[PDB]
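Chains as they are written, first to last, in the numbering used here: chain A, 2 to 1034; chain B, -12 to 187; chain C, 3 to 152; chain D, 523 to 622; chain E, 2 to 51; chain F, 8 to 57; chain G, 21 to 176; chain H, 62 to 98.
Backbone N, C-alpha and C fix where the C-beta goes; we use that ideal spot for every residue, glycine too.
This report concerns only the one structure given below.
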């Protein structure tokens, strides 16, 4: 090929132009996002049964669905939660690669067939099916400076005048609203109902009968009489809009001719559907819009469009009402991507400088600067083809591929200049000769790096979904690099270079560069003499090789594992939890204390605090809450002490010394899907119908026996709520019948009064809204109020609840949970320092094997994957080693020579294990990929050394030692060029404090150290291995 | 206003017309619950009588020739025609009293839309047209774009169907020639190893 | 996977037109072959339990986990799940001036979960210290509780 | 039994909001009549799997039936691919006047 | 694969079956497939040797 | 089995081995469907079948 | 109210003997009540912690404590079938005929759930069988309705 | 337009320093392996 493009350079320029245009169009048409679809596809069925507890809901709703959740394809598992708020959440999780639409549909369809078995209240509220494995691209907040508009008014304004616009914006895929739009609240009074001998049932029936619709037909409709010259559509009683209209509703007419209307007996207002959740923003009432991004979208342009629409609409808002942005992770993405782009450009500038430094030719430097961007743009086009995006993982794969690109260019240019200098040849024939030397080397390098990287794509689960990005990115980059080295760089070196003859260019020039040539010649001669002295006795160095292998194995074992490193995304989360039996008042007190803390003792760093009451992840009840703490930009807070980890530790210190509560501060995980580093998720299941009580007994016993193994386990705990007090009302039917009371009326009164009842719909100005009847706070707040509620018998007399209803206290679960249709308890835990996940995950099985009968167990989350698809890395890397050995045998046409190369894998590896060990890192994804990159570079250098030596020995008969010394002499220059360029292009990733610092450092450390060690060691041990293998065989 | 402006252009636009229906008279019947309750009559019985008598009432099914068909209860034509025909329709009270609608029902006329259109979540009105013979459709679309520019504020315009795709055909074209030229130029320089043979 | 979707999108229009006795029992739209992949029998080696008692175990503990397995499609049960079966005697009903409708209403009334609300719920008063879910009427779990039905 | 102004606020506008945010949507129209009949037509880009489109719409729609009158649900809400123009028009006639 | 999944699932309740219950497989079509494939593989090896 | 079962009274008992493709039946068999397209009924259709 | 009493309540609820001893040695209150009126005795009996009941009793835990609705540790011990708890409570002065806001006594509770081993003790310790609840029913009617003829014989 | 000049400054500064560091490491390892002989 190269001899086809040296004589045809326009062909090569044309291919390069085509690749550049492809990549350019791609970078315009490529979606941008922080992370790809890593977590497996899930779907959440959310339901609500107002006024119910956990058991009522688990019985009438959850079990019914779960029994009809059959016949769905690719299902990994499902887990159900049932809260005392009536809420139900059934999360199904499917095998990776599944289509999150067809699965959602199968689920919605099974549920649509199951609905007729649910009670009318659930069919009437609504059972929704959503996709769970997503996260809020943004959260918009809306507040009022004045205390006029409250939470519900702001929520209504949002639902009406803002949601539809945000949804009609580009890229916006899903828009959830925090808070509920207006709703006609009807707070009744039992005293004033008994006064008129009424009941809540009468209110319900009147409201049902006096707000409905009526079809009334037409005038002159078909079939008409012969002669009709007129037709008209009739309009009968329709829904009501105002509040007075609801006040004018008749309930009863007395013997004295008086009229009974609602406005006399029932305080009517325009409130919300649920007050369970209360949101505040720096103490000010607020409402919110959570925005999940769509498929194939650009988060940046999407957030820009959203900020533009909200700005357009701001001027049309009420007075004092304004907008805010608590949770916006878009700036973190912008900075993290801009940093990688800057790094890519610096890696070109550094290549230019290095080339000009060693090769004083500017026309030589011009070449890599043209060859590397072509490859990057071609890689972008390749991604666009396969359906990938511009994300963190892809760009970090590119900043690791740049080294391979740089080597593929620099080896060619350096060898061409070397030939032109030694043999005095001109550019064209020199390029012919150099490519004749380097063709098979580049091809075998391509195959080797493919064998090294492709095996990662074929892992299982989220781990594999992550590794696939790096793998495909780097393979595309390397393939385009090899095609470029065979196609374009030769033609460029033929038409751009200039002639030099018979001179090492180090004695005829003066200045820094002449002196550098002098010093480099001296150092080359010294390295040559050292290698020559080495090759006289080798075992003295094979022993050092074995020592290094032992040391790197030790460092590998004593290095802690990980999944991904936490970062500073400009936000973090505080979690508030209270004892059993708390309320809104106390939780809001605690949250206001939290806010006062952050806004006073962290003013220098914190900007806002968005507190959501009644929303914890461990529970969506009433004694729980959160705070989305938003920070300033990384420019307005420098220093570790002003970062998120120190803030978190300080906040935990200031909040652990608190009263009657449990407050924690933590950092937003890397991927909102919590994949811990060494923790697990253990489900304890009831396989025999034991119950909640025996299952809780077994849970407590297991936690006890787990606290006795702190050497392997720690922080073991349940991920649920503990039983709380519950008020039991025992009705007697004998009295209810004697007095002539309908148990149906009894329970309808009780419910509609204490929990709430959704009756019918009404039409506000435009949109349609609900109607909720309920008691009034001061009449549904204690047991002493039970006897203040009356029912109506058949004979007409009114009866108090106290006549037939005894009462007790008991204990009951506020949040029940199930795993695959059977009751369960979720348990969390970490592996103790020095131990891994497998050991603890096997210890927990050993423990659970000693539990009562009927109790079983299972694994969820990362523990599922880690167990089903967590032991296949050795097999694929064995495949890799075998393919590499075979490709090297083909290249060298020998079964033994390949070892000379496959023994440099440790030399770089250890250099990465030392650094990561010094700087205090772990064995995360980025480290795992930098390792392979350094290994590929070391193998590249070794392959060229070996092939040069072998070509000299075979086609010139120089001999073993002479050929090897000549090879290393010719190969020093490019090795150092590539190593220096890569080390410099990476160093910023190591000295980094700000956005993406964790991933930057994890990528940069293990490759800086890797190349540092692979350059100054391989150049010595590779000749040793080569002469060893050739003298043995 | 737009249709009036267009009717002054029979050389470009012809057959201009909206794809809709004009506002029409509607007959509202107000039911007074108070008087029906005073007379022992139920709101629901009244609604059912009115519906069955003026619009039909799907009751249940039946079996004709082995197939399942419907059963509709309805009034005779001569009792559904005029707003003065109502009042002949009576009801049974709790006692059984024949109560006429004329006691608790009032009536009036209004104007309303029998068909409301929206386009991309916004109120809209569709207008179909042809190009005048001899002319084309691009000329007519240009003229209509002009006319819709003089209209009041807040009134935007858009194209649908053959007028949307057509628009693309007019904007794709430059980006289609240019590229189709470049790919040729390059393809020649490669085959003939020169930047000049292409330029000639 | 698309045929099922079209079929069910069409059947969701008919479902309302069906009686409630058919909806309650549950309409199924399965996507499966017409031939048994396999049969899985369950027996007693001790002769302790009988057909009904094995069928109940199979249904309540084994049918639901297997019908969620991937590739199954449809599962037929060679038995029947337990159910509180109530055998009426017409002579004893006439002896007490009763009919099956009375029994049905009494069961639907005295065997029911009810949404009884919260004790201390929101929007609450200023200064509330207690919150507690109310329990009023639970489903029945044995024949003893069904007998006591008045 | 609905005036178009009603249906355009209690059924149509309650669905249209959900249909914003689909993969390859090009435009959409909607028509609310005096007989209550509602037709919301979504037109996608050329080359889309019309089946996957119907599917995504079925998915974005169930987010709304929680908010629709029971008289809409009990009558059925159809999500079906569409075409504006007829392929054929078959006619059936009696030649002997023995029918109407 | 489906029969494998089914056997794996049944292997998770067998520990929890009350005293007396026993699983049995009176009708399975899958073993015949695996065996008819193993026999053809045996044929291939025999033919290579021949 | 079929021979020893024809000697049973008040029953049709037939044993058979399932074919290779259970979705395909007897070789050279035929499945035929009589249909009523005029509103005749089950009785006249039974008469026609017979 | 000191958090010592609250931690004592929590430890009794969770079954922690060593922690309860540690707390009482620091002088923790035992008449302490939850927001519903349940002292450590109610919690230790409800959940069945005999050791905790003995510990709390040795240090002056009011056996006759009553919650906001007339419930006592004896009521719960009888309802949930904790024979040892019943015996221990009576040894130290548990009013076997304690009457709640509804007139229901440990007899009616132990009879509603079929606890004969407990009705024996209740009776022989002086439990009035004819004790009527609010509606007019006794342990005899509660045994006839529940269909426990054995109990009805135990109560003649 | 100012960050790139800072990067180029960093480069012109470190390139020779990093080169000298690597060359000194090579010289040290060479002297070591020469001592080993």
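Whole-angstrom distance between residue 68 of chain A and residue 61 of chain C, CA atom to CA atom: 10 angstroms
Per DSSP, what kind of secondary structure is residue 620 of chain D in: helix, strand or coil? coil
Quick one, which of A:904, A:869, A:585 and A:356 has its alpha-carbon nearest residue 368 of chain A's? The shortest C-alpha separation from residue 368 of chain A is found at A:356.
Does residue 62 of chain H pass the burial test, meaning 16 or more other C-beta atoms within 10 Å, or should it be called exposed? By the neighbour-count definition (other C-beta atoms within 10 Å, threshold 16), residue 62 of chain H is an exposed residue.
Using 8 angstroms as the threshold, is the region 377 to 388 of chain A in touch with the region 449 to 460 of chain A, meaning 3 or more CB pairs across them? no
Contacting positions in the region 687 to 718 of chain A - beta carbon closer than 8 angstroms to chain E: 688 and 689
Pairwise C-alpha distance: residue 678 of chain A and residue 42 of chain A: 21 angstroms
Chain A contact residues for residue 55 of chain G, given Cβ-Cβ distances below 7 angstroms: Going along chain A in sequence order, the residues near residue 55 of chain G (Cβ under 7 angstroms) are 582.
Beta-carbon gap between residue 38 of chain A and residue 92 of chain A smaller than 7 angstroms: no
Where does residue 59 of chain C fall in DSSP's three states? helix
Just the chain A side, please: which residues come within less than 8 angstroms of residue 581 of chain D by C-beta, in chain order? 102, 105, 106, 109 and 130
Just curious, the alpha helix (DSSP H) that residue 23 of chain G is in, first and last residue? The continuous alpha helix (DSSP H) containing residue 23 of chain G extends over residues 23 to 34.
Please determine if the region 909 to 923 of chain A and the region 1004 to 1012 of chain A are in contact, where contact requires at least 3 C-beta pairs separated by less than 8 angstroms. Under the three-pair Cβ rule at 8 angstroms, the region 909 to 923 of chain A counts as touching the region 1004 to 1012 of chain A.
From residue 820 of chain A to residue 80 of chain A, what distance separates their C-alpha atoms? Rounded to the nearest angstrom, the gap between the Cα atoms of residue 820 of chain A and residue 80 of chain A is 5 angstroms.
Cβ-based contacts, 8 angstroms cut-off: residues of the region 160 to 173 of chain G near chain C: 165, 166 and 167
Using 8 angstroms as the cut-off, can you tell me whether the region 9 to 21 of chain A makes contact with the region 484 to 491 of chain A, which would need three or more C-beta pairs spanning the two stretches below that distance? yes
What residue range does the beta strand (DSSP E) around residue 110 of chain A cover? Looking at the DSSP string, residue 110 of chain A is not in any beta strand (DSSP E); the run it does join, the alpha helix (DSSP H), is 103 to 115.
Distance between residue 123 of chain A and residue 63 of chain C (C-alpha atoms, nearest Å): 27 angstroms
Determine the direct distance from the alpha carbon of residue 184 of chain A to that of residue 207 of chain A, and round the result to whole angstroms. Residue 207 of chain A and residue 184 of chain A have their alpha carbons spaced roughly 18 angstroms apart.
Helix, strand or coil: how does DSSP classify residue 151 of chain C here? Three-state DSSP puts residue 151 of chain C in coil, outside helix and strand.
Starting from residue 116 of chain B, trace the beta strand (DSSP E) in both directions and tell me its first and last residue. Residue 116 of chain B -> beta strand (DSSP E) spans 114 to 118.
Any beta-carbon of chain A closer than 7 angstroms to the one on residue 532 of chain D? yes
Identity of the residue in B:-1, B:32, B:185 and B:148 nearest residue 87 of chain B by Cα: B:32
Interfacial residues, the region 733 to 748 of chain A to chain G, with Cβ spacing under 8 angstroms: 733, 735 and 736
How do the region 406 to 422 of chain A and the region 994 to 1004 of chain A stand: do at least 3 beta-carbon pairs fall below 8 angstroms, yes or no? no
Does the Cβ of residue 9 of chain F have 16 or more other Cβ atoms within 10 Å, making it buried, or fewer, making it exposed? With fewer than 16 other CB atoms across the displayed protein chains lying within 10 angstroms of its CB, residue 9 of chain F is exposed.
Entirely enclosed beta strand (DSSP E) segments - the region 776 to 817 of chain A, minimum 3 residues: 791 to 793, 799 to 801 and 806 to 813
Can you tell me which of G:55, G:37 and G:24 puts its alpha carbon nearest to the alpha carbon of residue 48 of chain G? G:24
Does residue 97 of chain C have its Cβ less than 7 angstroms from a Cβ in chain G? no
Under 7 angstroms from the C-beta of residue 785 of chain A: neighbouring residues of chain C: What residue 785 of chain A touches in chain C: nothing, since even the nearest Cβ is about 11 angstroms away.
Under 8 angstroms (Cβ pairs) to chain E, residues found in the region 856 to 878 of chain A: 857
Using a C-beta to C-beta distance shorter than 8 angstroms, which residues of chain C count as neighbours of residue 27 of chain E? 41 and 43
Let me know the secondary structure DSSP gives residue 39 of chain A once reduced to three states. coil
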